[PDB]
Amino acid sequence: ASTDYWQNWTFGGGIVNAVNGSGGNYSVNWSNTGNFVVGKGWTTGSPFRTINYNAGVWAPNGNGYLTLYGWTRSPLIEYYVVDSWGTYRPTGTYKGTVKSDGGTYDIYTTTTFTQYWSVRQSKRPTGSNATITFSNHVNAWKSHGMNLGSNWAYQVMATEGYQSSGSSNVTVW
Amino acid sequence: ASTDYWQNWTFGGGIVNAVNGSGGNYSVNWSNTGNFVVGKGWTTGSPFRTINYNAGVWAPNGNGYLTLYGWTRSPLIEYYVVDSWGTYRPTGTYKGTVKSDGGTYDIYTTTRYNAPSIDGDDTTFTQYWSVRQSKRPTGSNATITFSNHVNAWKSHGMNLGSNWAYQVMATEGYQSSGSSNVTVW
């Protein structure tokens with residue numbers, strides 16, 4: 001599918017070199033300081049979307065996430081489906097598990125507004141075509157009282173980095 | 001001041017080559033964009049901020065704004081202070097004028113849909129605009145004393161939200177080409 005949206009949010013200092021490539025491809029190399037969220041995706045998110053991606057490079061040196069990222073309004077909720085990370089596996093209040101796309105994910109909430129997380133139990137292999145069947149996560153979240161808002165905002169396959177260095181190259185469709 | 005925030009939102013196709021430069025510097029070269037908003041500024045906006053910038057290059061070929069840009073929540077409001085533009089000078093519902101930083105600005109409001117994805121939801125949110133009456137000269141250090149604008153808006157019943165989001169000196173483009181180079185502090 002044609003992604004129709006590119007986002008770079010960079011907070012604080014240091015280097016965050018994000019490149020908005022042709023079609024669904026992007027790259028980032030970083031060395032900060034702060035925090036960033038970079039990704040390609042869709043302007044209106046859907047609980048039904050299947051995200052295809054291929055992480056040609058996934059090389060965080062420290063704290064970084066390779067993750068579906070998006071939010072809803074009414075109410076405002078941020079959500080993540082984390083397929084890989086660096087030196088820190090993100091966690092929160094444990095809610096349950098979901099099996100999807102050949103992996104098992106732990107379900108967490110963090111905190124004011126709430127964030128919803130699915131975090132793969134081990135790092136997903138990268139370099140081959142991968143799918144995130146978002147509906148599996150959405151339905152699992154519902155079963156643990158984690159319901160998304162009614163007004164859907166953007167939805168991206170993102171690289172997030174926090175006070176670290178690294179490189180990623182990701183193609184999204 | 002040090003900026004602590006860089007934003008690039010790019011919607012649709014075309015080429016939008018945005019560069020997060022050192023310090024408060026950034027550039028954008030674009031062609032045949034859908035819509036984009038690129039800017040350097042601050043994660044938490046303030047109605048009292050004094051924004052300094054220098055646009056070393058302002059070269060839109062078509063529709064493009066050189067504008068202060070930000071958001072509030074409670075209520076949700078998107079706001080602009082437009083110093084220059086390309087072929088299209090932005091307008092809306094005329095409210096009055098304000099003098100600030102050597103220029104005169106017209107004050108406008110516009111409305112946008114809050115939930116276009118929801119069938120039967122026709123609720124809206126408001127945008128506030130100050131748009132310079134003539135294009136501001138670029139290439140020298142320029143100031144936007146934002147409080148002057150906030151105060152003028154207030155006097156026309158245009159009140160900003162209590163919860164402040166980001167605030168950037170932005171380049172925006174819409175179905176156009178061009179280039180900009182701006183340093184923000």
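Taken in sequence, the protein lines are chains B and A.
Mind the numbering: the first sequence is residues 1 to 111, 124 to 185 in the authors' numbering, read in order.
For the second sequence, the authors' numbering begins at 1 and goes up steadily by one.
Even for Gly, the Cβ is constructed at its ideal location relative to N, Cα and C.
Coarse secondary structure for residue i, derived from DSSP in three states
{"i": "B/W85", "result": "strand"}
{"i": "B/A152", "result": "helix"}
{"i": "B/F125", "result": "coil"}
{"i": "A/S176", "result": "coil"}
{"i": "A/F146", "result": "helix"}
{"i": "A/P75", "result": "coil"}
{"i": "A/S31", "result": "strand"}
{"i": "B/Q167", "result": "strand"}
{"i": "B/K135", "result": "coil"}
{"i": "B/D101", "result": "coil"}
{"i": "A/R112", "result": "strand"}
{"i": "B/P47", "result": "coil"}
{"i": "B/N63", "result": "coil"}
{"i": "A/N54", "result": "strand"}
{"i": "B/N159", "result": "coil"}
{"i": "A/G96", "result": "strand"}
{"i": "A/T3", "result": "coil"}
{"i": "A/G21", "result": "coil"}
{"i": "A/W9", "result": "strand"}
Nearest-angstrom beta carbon gap, residue j and residue i [assumed within contact, 8 Å]
{"i": "A/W30", "j": "A/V19", "result": "With 8 Å as the limit, A/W30 and A/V19 do not qualify as a contact, their Cβ atoms being about 12 Å apart."}
{"i": "B/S176", "j": "B/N61", "result": "6 Å"}
{"i": "A/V28", "j": "A/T138", "result": "So it is not a contact: roughly 14 Å between Cβ atoms."}
{"i": "B/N25", "j": "B/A142", "result": "Contact flag wrong, Cβ pair sits at about 15 Å."}
{"i": "A/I144", "j": "A/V81", "result": "5 Å"}
{"i": "A/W71", "j": "A/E78", "result": "6 Å"}
Spatial neighbours of residue i in its chain, beta-carbon cut-off 8 Å, leaving aside the 5 residues before and after
{"i": "A/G92", "result": "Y108, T109, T110, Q127 and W129"}
{"i": "A/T43", "result": "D4, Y5 and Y166"}
7 Å CB neighbourhood of residue i in its chain, flanking five on each side removed
{"i": "A/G41", "result": "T3, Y5, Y166, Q167, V168, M169 and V184"}
{"i": "B/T97", "result": "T104, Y105, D106 and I107"}
{"i": "A/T124", "result": "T111, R112, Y113 and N114"}
{"i": "A/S100", "result": "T145, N148 and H149"}
Beta-carbon proximity list for residue i, same chain, < 6 Å, skipping 5 on both sides
{"i": "A/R73", "result": "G161 and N163"}
{"i": "B/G56", "result": "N181"}
{"i": "A/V150", "result": "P47"}
{"i": "B/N52", "result": "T143 and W185"}
{"i": "A/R49", "result": "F146"}
Proximal residues of chain A, C-beta to C-beta of residue i below 9 Å
{"i": "B/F11", "result": "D4, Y5, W6 and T43"}
{"i": "B/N163", "result": "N114, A115, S117, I118 and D121"}
Under 7 Å from the C-beta of residue i: neighbouring residues of chain A
{"i": "B/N159", "result": "What B/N159 touches in chain A: nothing, since even the nearest Cβ is about 16 Å away."}
{"i": "B/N20", "result": "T10 and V16"}
Closer than 9 Å at the beta carbon, the chain B residues around residue i
{"i": "A/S179", "result": "Under the 9 Å cutoff, chain B gives no residues; its nearest Cβ is about 16 Å from A/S179."}
*Within the chosen definition, does the stretch 49-69 of chain A reach the stretch 111-122 of chain A through at least 3 CB pairs nearer than 8 Å?*
no
*Three or more C-beta pairs closer than 8 Å, one from the stretch 133-142 of chain A and one from the stretch 31-38 of chain A: is that the case here?*
no
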